[PDB]
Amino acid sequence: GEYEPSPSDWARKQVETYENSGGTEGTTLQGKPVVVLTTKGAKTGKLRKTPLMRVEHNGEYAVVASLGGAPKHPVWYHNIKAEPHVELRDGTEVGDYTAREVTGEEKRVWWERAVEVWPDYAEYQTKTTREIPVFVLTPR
């Protein structure tokens, strides 16, 4: 698409609409649901808000840290590593979670859930040179 913003400017615009509307607008991407993760900034201490694909199961969520399978980690990856207490907004509702990087069978199961929501995640694997981080968020 020739007449679209950069992916970074799109993410900024989406998170702005999402937050300013109290989760009543801007909550989808290609028809698929998006959440807003709030993390504590590792360096600055500021609260940082990031739109991510919604992957949910019985009140837990998972988030995938991957810029299209590229190896450089998103900055919010570092915020979670430093501070596991995060907030997650799903539409009009928000809550507190403990985020942890998962491994093994747990990671495989959540990855399958994520690929059902956002099939492109499977394609990203073909570009990888580092593990793809997956976090599971449990209510707290």
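Throughout, we count residues from 1 along the sequence that is shown.
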### Mean Cα B-factor comparison, 41 to 49 or 81 to 89, giving the higher one as deposited
41 to 49
### Task
Return whichever of 130 to 138 and 1 to 9 has the greater mean Cα B factor according to the PDB record.
1 to 9
## Note on the structure
From 63, 115, 35, 70, the top C-alpha temperature factor is at 70
### Task
From the list 27, 98, 58, 103, select the residue with the highest C-alpha B factor recorded in the entry.
58
### Message
For the chain shown, is the CA B-factor of residue 20 in the lowest, middle or highest third of its modelled residues?
### Response
highest
### Cα B factor band for residue 94 (lowest, middle or highest third within the chain)
lowest
